[PDB]
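Chemist: The structure that follows is given in the form of C-alpha cells.
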Amino acid sequence: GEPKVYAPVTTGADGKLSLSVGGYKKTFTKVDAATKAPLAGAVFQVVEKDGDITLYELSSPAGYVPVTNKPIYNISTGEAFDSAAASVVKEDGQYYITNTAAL
Amino acid sequence: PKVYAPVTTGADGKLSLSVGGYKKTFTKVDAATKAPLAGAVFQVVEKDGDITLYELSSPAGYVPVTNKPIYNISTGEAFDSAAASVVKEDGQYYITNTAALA
Amino acid sequence: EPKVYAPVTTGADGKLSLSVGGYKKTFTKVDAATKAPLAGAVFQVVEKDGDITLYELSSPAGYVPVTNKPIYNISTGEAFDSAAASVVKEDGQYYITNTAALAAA
C-alpha cells in the first residue's frame with residue numbers, strides 16, 4: 001500500500017529513544033542486559049505499513065549480538081510488542097530495549 | 001524535484017521505473033536463492049533530469065538498506081549508474097537483498 | 001608473510017587511498033542523498049588466506065554507525081552482497097554511499 005518510512009534513527013550516549021509518531025508517544029532506553037548501562041549506536045526506524053505502526057532495530061550497538069532489521073515493538077497496538085524476541089522489558093515504570101553483549 | 005510515492009514489493013517483487021519516457025524493470029530477489037522477496041520499500045526521485053531508484057527499507061530478516069540509490073537513469077550523456085545489488089542474468093535485472101547472518 | 005596494510009581516513013574529498021600492490025583502486029565516500037563527499041570514514045584493507053578484502057572500521061560523523069564491515073573483495077573485484085547496496089559505480093569510479101542518521105531522544 002502506502003507505507004511512510006521514517007528516517008533512520010540512532011540512539012545517543014543516553015540510550016534514549018523518543019518515539020512520537022501519530023497519536024502515540026513513548027520513550028525507550030537501550031541498555032546492556034547484564035550491566036543496564038545505556039547504549040549508543042542502535043539504528044531504529046518506523047514505517048507506517050497500512051494501519052500498523054512497527055518499530056524495527058536495523059542494527060544493534062557495537063560489540064553486541066547483531067539484531068538485523070527485526071521488529072521489536074508495535075506502536076499502533078499499544079504495549080502489544082511483536083514478541084518475536086522479548087527484548088523489551090518494563091522496570092520501575094520505565095521501558096528498556098535490551099541488547100546482549102557479544103563475546 | 002517532483003513528487004513520487006513509496007511502493008512495496010509483493011510476492012512477485014516486480015519494480016517498474018516508468019518515469020517520463022525512460023523505463024526499466026527490476027525484480028527484488030534474494031542474494032543467495034534468487035527468490036522473489038516481499039516487504040522492501042522503494043521510492044523514485046527526479047533531480048536535474050536524473051531518475052533515481054532508492055531503497056527505503058529492506059525486507060525484515062535481511063540486511064538493512066536505508067535510503068540507498070540502487071539504480072539511476074541519466075537522461076544526458078552519462079550512463080545509467082547502479083549499485084552493486086543490481087545483477088543482470090537471463091536478460092533481466094535483479095535487486096538483491098542479503099539475508100541475516102542468523 | 002601476511003602483509004599488514006595501514007588504514008586510511010577519508011578527507012574532505014571523500015576519496016579512499018587504496019594502493020594494494022598493483023591492484024590500486026579508487027573509492028569515494030559520499031552521502032547517499034546529497035551525493036556530497038564525506039570525511040572521517042575509517043577504512044582498512046586486510047588479507048587472510050589469500051583473500052584481499054576492504055573493511056570499513058568507522059562511518060563518518062552523523063551517519064549510520066559501522067564497525068568492521070566488509071565492503072569490497074579486492075581479489076575478486078566484487079563487492080560483498082551485505083554491503084552491495086552501498087557500492088555504486090557511476091562514471092567509471094566507485095562510490096560508497098552513507099545514509100544520515102538522526103538523533104533518537
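If you're wondering about the labels, chains in the C-alpha cells are A, B, ... by order shown, residues count from 1 in each chain, ligands from 1 in order shown.
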Compute the set of chain B residues within 9 Å of chain A, using only C-alpha atoms, and express it as a PDB file with C-alpha atoms, in the first residue's frame.
Modeler:
```
ATOM      1  CA  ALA B   5       5.238   7.899  -3.610  1.00  0.00           C
ATOM      2  CA  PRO B   6       6.810   4.820  -1.990  1.00  0.00           C
ATOM      3  CA  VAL B   7       5.982   1.348  -3.303  1.00  0.00           C
ATOM      4  CA  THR B   8       6.161  -2.051  -1.596  1.00  0.00           C
ATOM      5  CA  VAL B  41      10.037  -0.338   0.103  1.00  0.00           C
ATOM      6  CA  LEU B  56      13.881   2.984   1.642  1.00  0.00           C
ATOM      7  CA  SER B  57      13.871  -0.290   3.589  1.00  0.00           C
ATOM      8  CA  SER B  58      14.840  -3.923   3.074  1.00  0.00           C
ATOM      9  CA  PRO B  59      12.528  -6.822   3.979  1.00  0.00           C
ATOM     10  CA  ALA B  60      12.566  -7.975   7.586  1.00  0.00           C
ATOM     11  CA  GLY B  61      15.224 -10.563   8.344  1.00  0.00           C
ATOM     12  CA  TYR B  62      17.533  -9.118   5.670  1.00  0.00           C
ATOM     13  CA  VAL B  63      20.436  -6.688   5.879  1.00  0.00           C
ATOM     14  CA  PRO B  64      19.164  -3.110   6.381  1.00  0.00           C
ATOM     15  CA  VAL B  65      19.188  -0.922   3.268  1.00  0.00           C
ATOM     16  CA  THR B  66      18.263   2.646   4.225  1.00  0.00           C
ATOM     17  CA  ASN B  67      17.782   5.370   1.588  1.00  0.00           C
ATOM     18  CA  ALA B 100      20.509 -12.045   8.119  1.00  0.00           C
ATOM     19  CA  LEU B 101      23.602 -13.752   9.495  1.00  0.00           C
ATOM     20  CA  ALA B 102      21.391 -15.862  11.779  1.00  0.00           C
TER      21      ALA B 102
END
```
Chemist: Give me, as a PyMOL selection string, the residues of chain C that a backbone DSSP run labels strand (DSSP E).
Modeler: chain C and resi 8-9+15-18+25-31+42-47+52-58+69-73+78-79+87-89+94-98
Chemist: Given only C-alpha atoms, how would the per-residue table for chain A near chain C read, listing every residue at most 7 Å away with its closest atom pair and distance in Å to one decimal, sorted by chain and number, as JSON lines?
Modeler:
```
{"residue": "A:8", "atom": "CA", "partner": "C:101", "partner_atom": "CA", "distance": 5.3}
{"residue": "A:9", "atom": "CA", "partner": "C:102", "partner_atom": "CA", "distance": 4.8}
{"residue": "A:10", "atom": "CA", "partner": "C:103", "partner_atom": "CA", "distance": 5.6}
{"residue": "A:11", "atom": "CA", "partner": "C:104", "partner_atom": "CA", "distance": 4.9}
{"residue": "A:12", "atom": "CA", "partner": "C:104", "partner_atom": "CA", "distance": 6.8}
{"residue": "A:16", "atom": "CA", "partner": "C:105", "partner_atom": "CA", "distance": 5.3}
{"residue": "A:17", "atom": "CA", "partner": "C:104", "partner_atom": "CA", "distance": 4.6}
{"residue": "A:18", "atom": "CA", "partner": "C:105", "partner_atom": "CA", "distance": 4.9}
{"residue": "A:41", "atom": "CA", "partner": "C:65", "partner_atom": "CA", "distance": 6.1}
{"residue": "A:62", "atom": "CA", "partner": "C:67", "partner_atom": "CA", "distance": 6.6}
```
Chemist: Select, from C:42, C:4, C:34, C:54, the residue with the minimum atom-to-atom distance to chain B, counting only C-alpha atoms.
Modeler: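 Among the listed residues, the smallest separation from chain B belongs to C:34.
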Chemist: Quick one: everything within 6 Å of residue 27 in chain B, counting only C-alpha atoms, minus sequence neighbours fewer than 6 positions away in the same chain. Send it as a PyMOL selection string.
Modeler: chain B and resi 13-15+94-95
Chemist: Any chance you can output those residues with N, CA, C and O atoms as an mmCIF file, in the first residue's frame?
Modeler:
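Just written: selection_27.cif:
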```cif
data_model
loop_
_atom_site.group_PDB
_atom_site.id
_atom_site.type_symbol
_atom_site.label_atom_id
_atom_site.label_comp_id
_atom_site.auth_asym_id
_atom_site.auth_seq_id
_atom_site.Cartn_x
_atom_site.Cartn_y
_atom_site.Cartn_z
ATOM 1 N N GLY B 13 7.647 -9.241 -6.441
ATOM 2 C CA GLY B 13 8.807 -8.383 -6.272
ATOM 3 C C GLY B 13 9.129 -7.544 -7.485
ATOM 4 O O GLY B 13 10.284 -7.146 -7.669
ATOM 5 N N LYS B 14 8.133 -7.255 -8.318
ATOM 6 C CA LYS B 14 8.362 -6.529 -9.558
ATOM 7 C C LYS B 14 8.410 -5.029 -9.298
ATOM 8 O O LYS B 14 7.529 -4.474 -8.633
ATOM 9 N N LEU B 15 9.446 -4.379 -9.820
ATOM 10 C CA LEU B 15 9.621 -2.937 -9.724
ATOM 11 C C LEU B 15 9.735 -2.363 -11.128
ATOM 12 O O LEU B 15 10.528 -2.853 -11.938
ATOM 13 N N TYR B 94 18.005 -7.860 -11.489
ATOM 14 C CA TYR B 94 17.743 -8.412 -10.168
ATOM 15 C C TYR B 94 18.232 -7.442 -9.104
ATOM 16 O O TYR B 94 19.363 -6.952 -9.178
ATOM 17 N N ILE B 95 17.380 -7.166 -8.122
ATOM 18 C CA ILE B 95 17.748 -6.378 -6.952
ATOM 19 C C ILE B 95 17.910 -7.352 -5.793
ATOM 20 O O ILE B 95 16.938 -7.971 -5.348
#
```
Chemist: Within 6 Å of chain C, which residues of chain B are there when counting only C-alpha atoms? Please give them as a ChimeraX atom specification.
Modeler: /B:68,81-85,98
Chemist: Write out, as a compact mmCIF listing (two decimals), in the first residue's frame, the residues just selected, with N, CA and C atoms.
Modeler:
```txt
# COMPACT_ATOMS: atom_id res chain seq x y z
N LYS B 68 19.23 4.15 0.08
CA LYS B 68 20.39 3.94 -0.77
C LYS B 68 19.98 3.98 -2.23
N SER B 81 23.84 4.65 -13.84
CA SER B 81 24.61 4.12 -12.72
C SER B 81 23.73 3.24 -11.85
N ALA B 82 24.32 2.18 -11.31
CA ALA B 82 23.59 1.23 -10.49
C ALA B 82 24.47 0.77 -9.33
N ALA B 83 23.82 0.42 -8.23
CA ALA B 83 24.53 -0.14 -7.09
C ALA B 83 24.95 -1.58 -7.38
N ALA B 84 25.79 -2.12 -6.50
CA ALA B 84 26.24 -3.50 -6.66
C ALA B 84 25.14 -4.52 -6.42
N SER B 85 24.00 -4.10 -5.87
CA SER B 85 22.87 -5.00 -5.68
C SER B 85 22.15 -5.33 -6.97
N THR B 98 20.58 -9.25 1.02
CA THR B 98 21.23 -10.33 1.74
C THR B 98 20.48 -10.65 3.02
```
Chemist: Please, what distance in Å, to one decimal, runs between CA of residue 9 in chain C and CA of residue 27 in chain C?
Modeler: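 Going from CA of residue 9 in chain C over to CA of residue 27 in chain C, I get 11.9 Å.
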Chemist: So that I can see what lies close to residue 19 in chain C, please list as a ChimeraX atom specification the residues with an atom at most 12 Å from it, counting only C-alpha atoms and leaving out residues fewer than 6 positions away in the same chain.
Modeler: /C:5-8,25-27,44-45,52,54,74
Chemist: Emit the selected residues as an mmCIF file, in the first residue's frame, including N, CA, C and O atoms.
Modeler:
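Contents of the output file out.cif:
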```
data_model
loop_
_atom_site.group_PDB
_atom_site.id
_atom_site.type_symbol
_atom_site.label_atom_id
_atom_site.label_comp_id
_atom_site.auth_asym_id
_atom_site.auth_seq_id
_atom_site.Cartn_x
_atom_site.Cartn_y
_atom_site.Cartn_z
ATOM 1 N N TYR C 5 48.385 -3.910 6.015
ATOM 2 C CA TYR C 5 48.203 -2.632 5.344
ATOM 3 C C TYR C 5 47.726 -1.582 6.339
ATOM 4 O O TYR C 5 46.918 -1.872 7.227
ATOM 5 N N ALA C 6 48.230 -0.358 6.181
ATOM 6 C CA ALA C 6 47.847 0.733 7.059
ATOM 7 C C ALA C 6 46.461 1.259 6.691
ATOM 8 O O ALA C 6 46.091 1.293 5.515
ATOM 9 N N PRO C 7 45.678 1.670 7.683
ATOM 10 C CA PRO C 7 44.344 2.207 7.405
ATOM 11 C C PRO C 7 44.403 3.645 6.910
ATOM 12 O O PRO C 7 45.363 4.381 7.145
ATOM 13 N N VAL C 8 43.340 4.035 6.213
ATOM 14 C CA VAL C 8 43.215 5.374 5.655
ATOM 15 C C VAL C 8 41.942 6.014 6.190
ATOM 16 O O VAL C 8 40.949 5.335 6.472
ATOM 17 N N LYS C 25 43.040 0.904 -6.446
ATOM 18 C CA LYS C 25 41.672 1.251 -6.805
ATOM 19 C C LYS C 25 41.257 2.501 -6.040
ATOM 20 O O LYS C 25 41.803 2.812 -4.979
ATOM 21 N N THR C 26 40.276 3.215 -6.590
ATOM 22 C CA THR C 26 39.819 4.485 -6.037
ATOM 23 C C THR C 26 38.349 4.380 -5.657
ATOM 24 O O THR C 26 37.506 4.058 -6.502
ATOM 25 N N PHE C 27 38.047 4.655 -4.391
ATOM 26 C CA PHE C 27 36.684 4.761 -3.900
ATOM 27 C C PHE C 27 36.458 6.161 -3.345
ATOM 28 O O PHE C 27 37.397 6.849 -2.937
ATOM 29 N N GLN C 44 40.154 0.105 6.077
ATOM 30 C CA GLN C 44 41.400 -0.645 6.107
ATOM 31 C C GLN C 44 41.231 -1.910 5.280
ATOM 32 O O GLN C 44 40.163 -2.528 5.291
ATOM 33 N N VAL C 45 42.289 -2.285 4.568
ATOM 34 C CA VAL C 45 42.317 -3.493 3.753
ATOM 35 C C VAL C 45 43.221 -4.509 4.438
ATOM 36 O O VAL C 45 44.351 -4.185 4.825
ATOM 37 N N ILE C 52 42.011 -10.708 -0.388
ATOM 38 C CA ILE C 52 42.132 -9.278 -0.127
ATOM 39 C C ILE C 52 40.733 -8.691 0.012
ATOM 40 O O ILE C 52 39.939 -8.721 -0.934
ATOM 41 N N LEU C 54 38.270 -5.346 1.736
ATOM 42 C CA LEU C 54 38.238 -3.958 2.180
ATOM 43 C C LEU C 54 37.201 -3.816 3.286
ATOM 44 O O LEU C 54 36.010 -4.058 3.059
ATOM 45 N N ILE C 74 38.715 -7.255 -2.929
ATOM 46 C CA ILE C 74 39.680 -6.756 -3.903
ATOM 47 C C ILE C 74 40.196 -7.882 -4.790
ATOM 48 O O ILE C 74 40.496 -7.663 -5.970
#
```
Chemist: From a DSSP calculation on the backbone, collect every residue of range 7-86 of chain C in helix (DSSP H, G or I) and output the set as a compact mmCIF listing (two decimals) with N, CA and C atoms, in the first residue's frame.
Modeler:
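Contents of the output file result.txt:
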```txt
# COMPACT_ATOMS: atom_id res chain seq x y z
N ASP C 81 27.81 -8.89 -0.87
CA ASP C 81 26.37 -8.71 -1.04
C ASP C 81 25.75 -7.97 0.14
N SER C 82 26.28 -8.16 1.34
CA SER C 82 25.75 -7.47 2.51
C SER C 82 25.99 -5.96 2.42
N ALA C 83 27.04 -5.54 1.72
CA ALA C 83 27.33 -4.13 1.51
C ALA C 83 27.14 -3.71 0.05
N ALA C 84 26.51 -4.55 -0.77
CA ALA C 84 26.36 -4.24 -2.18
C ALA C 84 25.46 -3.04 -2.42
N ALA C 85 24.51 -2.78 -1.51
CA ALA C 85 23.60 -1.66 -1.67
C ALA C 85 24.29 -0.31 -1.49
N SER C 86 25.51 -0.28 -0.96
CA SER C 86 26.24 0.96 -0.74
C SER C 86 27.36 1.20 -1.73
```
Chemist: Quick one: everything within 10 Å of residue 86 in chain A, counting only C-alpha atoms, minus sequence neighbours fewer than 4 positions away in the same chain. Send it as a VMD selection string.
Modeler: chain A and resid 72 to 73 81 to 82 97 to 98
Chemist: What is the CA of residue 90 in chain B to CA of residue 30 in chain B distance in Å?
Modeler: 15.9 Å
Chemist: Given only C-alpha atoms as the basis, pick out the residue of A:31, A:75, A:21, A:40 nearest to residue 87 in chain A.
Modeler: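 Of the candidates, the smallest distance to residue 87 in chain A is held by A:31.
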Chemist: Find, counting only C-alpha atoms, the residue in B:36, B:52, B:70, B:24 that gets nearest to residue 12 in chain B.
Modeler: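 Among B:36, B:52, B:70, B:24, it is B:36 that comes nearest to residue 12 in chain B.
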Chemist: How far is it from CA of residue 10 in chain C to CA of residue 51 in chain C, in Å with one decimal?
Modeler: 23.5 Å
Chemist: Taking only C-alpha atoms into account, which of C:72, C:38, C:56, C:50 comes nearest residue 14 in chain C?
Modeler: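 Closest candidate: C:38.
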Chemist: Rank nothing, just name the residue among B:53, B:88, B:4, B:78 nearest to residue 23 in chain B, using only C-alpha atoms.
Modeler: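 Counting only C-alpha atoms, the residue closest to residue 23 in chain B is B:53.
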